[PDB]
Amino acid sequence: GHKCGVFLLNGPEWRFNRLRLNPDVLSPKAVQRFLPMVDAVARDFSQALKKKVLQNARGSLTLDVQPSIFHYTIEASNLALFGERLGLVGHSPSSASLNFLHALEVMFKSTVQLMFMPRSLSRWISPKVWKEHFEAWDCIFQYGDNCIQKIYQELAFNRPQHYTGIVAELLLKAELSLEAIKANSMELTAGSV
Amino acid sequence: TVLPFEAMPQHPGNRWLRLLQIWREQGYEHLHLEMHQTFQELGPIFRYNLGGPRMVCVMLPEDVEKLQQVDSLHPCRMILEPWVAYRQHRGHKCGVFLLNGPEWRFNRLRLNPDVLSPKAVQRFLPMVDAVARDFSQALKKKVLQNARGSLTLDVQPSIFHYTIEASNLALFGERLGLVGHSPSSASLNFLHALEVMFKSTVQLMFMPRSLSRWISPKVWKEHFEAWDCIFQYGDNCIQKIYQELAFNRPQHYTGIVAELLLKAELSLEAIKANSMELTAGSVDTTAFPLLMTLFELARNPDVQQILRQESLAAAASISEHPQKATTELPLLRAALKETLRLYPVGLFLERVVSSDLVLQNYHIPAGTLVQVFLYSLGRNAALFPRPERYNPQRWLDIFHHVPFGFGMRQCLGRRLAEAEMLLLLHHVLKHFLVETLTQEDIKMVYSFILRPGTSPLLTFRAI
Ligand code: HEM
Ligand SMILES: C[C@]12CC[C@H]3[C@@H](CCC4=CC(=O)CC[C@@]43C)[C@@H]1CC[C@@H]2C(=O)CO
């Protein structure tokens, strides 16, 4: 019983959402405002990595960077989107953090499984996969909703005089209903990693 | 007219349908609401068909006062069979909470000076304060990393870890490193075992061992394994301090248990059993009232601002002398009084009376089980004008406050608990605004301790 974000909407519900999202998510004006926040996380990634590199006698580190890049993007997007700093860059992955990366990967896999066949057929051919897919989404929504309940309750009490992120702008303006904001916020959270 | 015992109203409950409903639901989560409505139905006293022995439930300061006048020299509570059973199974002695008689008194009197007495607070309160300052520093650093200078979280885990840490420093002189850091596994195992110990206690305390041993044997192994874990945790603390003192007896205060071991008035075995009571009893009993207060303060920001006012005024002197926080923050102490009136961790006081007495002008014979239900007591509109209101002034204007019990059996950890709560609040109040959207009543649940069924999302905004 959730609303669909701009990705899954067609027609005029889509256009209503989109025109109320371009200004704070996509415009050059919004980029001027979040780019410095993103820069901070990027700076931090490079410093954390350098500390490790300089501890080594050959002055290099040789690693699979994928994990730490994924945690960079989770951190960067969460700061840009919600104005919170998760503490994931330069430290170890949290367990919410890893569960979220896993849930996304399972959600993508199962997507392909279910994608190329009608619900009428996939229902009985691959019911265990519908279960997997929905479980992945429950975990994703769990993570995204934790984020939004935090920002919502923070913004009901004080309207900051300064920029504290993309979703903050949407909530301050309150041009979209709460449910619409929640739906679009989920797409940006899930889609930003 | 001193009316005879029988005149007293009777609970419509069948001893047997209660056992069966506990067996079935695996608990009695509504105990407090039931007793409350019964009091609304049948007045401020009633009796329970226990099948022979005499149970009476009261809820008036009047009645508690009389009750203190019939504490023998050896005030007596009813054997909690499941707890004692575990002790005797592993060959341990019983600490003060599970003793009656001569042996209770011998232990208690060798415990008051170092755990409860004013001279003990003065020594351990600075250590507690050190942990409370750390709690807020750790929180401020997290908060200031956020663009809006605030963090919104379920605070239950970090508040429980504060009580573990503060209690441990006070009790053993050790810093466990659980404030401003993650839970250890030993930490989570301990909290889990406490939770399960409590849950199973309810199951086994409401039917004789007679039946429970074969009706719910899985509940027994569950209870014992929880205690095994709790003892493992508490024994490790004891092994450490014991070894350290055997090689060096310090010249400065290093906590409550040290004082006990140094004096060696009690046997090691008796010291071991009382440390386990303090270690086990110092976590949830304190954590939950602390959470309820944060919640009430967040629903009542006007009251919060008044409490902040005075904590800022005293900020100065308290950081110079932490020991003065007891005296200098009397409005914050009133708030605790107010939290425990509405949300008493110990739901009911309990005495098996050694003499006959009179309550509400009914005759109460000796050997009678008398229970004071503090939940209903705290909500009496008569003694507490506007009972539903969270108003610490209520206390400044004035046996109305007995959530720690009374007499010589009253809570041994009272001053510790109150230090831990008072100091955390004080330091939080100087630095943060506390806020929630979730303004609706939190439903309490009874599993031996009476605790919030839900944990609301609290925002801490830096000032
Ligand atoms: C807000 C927190 C607490 C509350 C509301 C509370 C409440 C109580 C109550 C109602 C009793 C029964 C008193 C009576 O029968 O008259 C009691 C006894 C006791 N409490 Fe607490 N308590 C708290 C915290 C603690 C802590 C932290 C400790 C350990 C440090 C502790 C240790 C004990 C012990 C050992 C007894 C048994 C004393 C005896 O039977 O002589 N309590 N407490
Ligand atoms: C407060 C309490 C008595 C004291 C205990 C507490 C639960 C935790 C606990 C564990 C111990 O090993 C020592 C006593 C104690 C601190 C009980 C919960 C309900 C009970 C009462 O309601 C007393 O009337």
# chains A, B, ... in the order shown; residues from 1 in each chain; ligands from 1
$ select_by_dssp --residues "chain A" --states "alpha helix (DSSP H)" --output "ChimeraX atom specification"
/A:11-19,22-25,28-55,66-82,95-115,119-125,127-157,166-173,178-191
$ residues_near_ligand --ligand "ligand 2" --cutoff "7 Å" --atoms "only C-alpha atoms and all ligand atoms" --output "number ranges by chain"
B: 97, 276-278, 280-282, 285, 345-350, 405, 448-449
$ interface_residues --of "chain A" --to "chain B" --cutoff "8 Å" --atoms "only C-alpha atoms" --output "VMD selection string"
chain A and resid 83 to 85 150 153 to 154 157 160 163 to 164
$ residues_near_ligand --ligand "ligand 1" --cutoff "8 Å" --atoms "only C-alpha atoms and all ligand atoms" --output "PyMOL selection string"
chain B and resi 77+95-99+104+108+115+167+274+277-289+340+344-351+402-414+416-418
$ atom_distance --atom1 "CA of residue 12 (chain A)" --atom2 "CA of residue 186 (chain A)"
20.2 Å
$ residues_around --residues "residue 242 (chain B)" --least-positions-apart "6" --cutoff "12 Å" --atoms "only C-alpha atoms" --output "ChimeraX atom specification"
/B:172,235-236,248-249,257-262,264,268,271-272,275
$ closest_residue --among "B:455, B:129, B:373, B:337" --to "residue 34 (chain B)" --atoms "only C-alpha atoms"
B:373
$ closest_residue --among "B:132, B:3, B:333, B:307" --to "residue 163 (chain B)" --atoms "only C-alpha atoms"
B:132
$ residues_around --residues "residue 36 (chain A)" --least-positions-apart "3" --cutoff "12 Å" --atoms "only C-alpha atoms" --output "PyMOL selection string"
chain A and resi 30-33+39-43+76+79-80+83+163-165
$ write_last_selection --atoms "C-alpha atoms" --output "short mmCIF file (atom, residue, chain, number, x, y, z; two decimals), in the first residue's frame"
data_model
loop_
_atom_site.label_atom_id
_atom_site.label_comp_id
_atom_site.auth_asym_id
_atom_site.auth_seq_id
_atom_site.Cartn_x
_atom_site.Cartn_y
_atom_site.Cartn_z
CA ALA A 30 20.41 22.45 -6.37
CA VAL A 31 23.93 21.25 -7.44
CA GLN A 32 25.50 24.55 -6.21
CA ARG A 33 23.99 23.72 -2.83
CA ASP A 39 33.11 17.21 -1.76
CA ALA A 40 33.53 16.71 1.99
CA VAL A 41 32.83 12.97 1.76
CA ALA A 42 35.14 12.66 -1.24
CA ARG A 43 37.89 14.51 0.62
CA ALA A 76 27.75 10.82 -0.27
CA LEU A 79 24.53 13.51 3.05
CA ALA A 80 23.26 15.03 -0.25
CA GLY A 83 22.01 15.91 5.24
CA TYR A 163 20.78 23.97 3.23
CA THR A 164 20.57 20.57 4.84
CA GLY A 165 19.93 18.47 1.68
#
$ residues_around --residues "residue 54 (chain B)" --least-positions-apart "6" --cutoff "8 Å" --atoms "only C-alpha atoms" --output "PyMOL selection string"
chain B and resi 47-48+367-369
$ atom_distance --atom1 "CA of residue 166 (chain A)" --atom2 "CA of residue 82 (chain A)"
6.6 Å
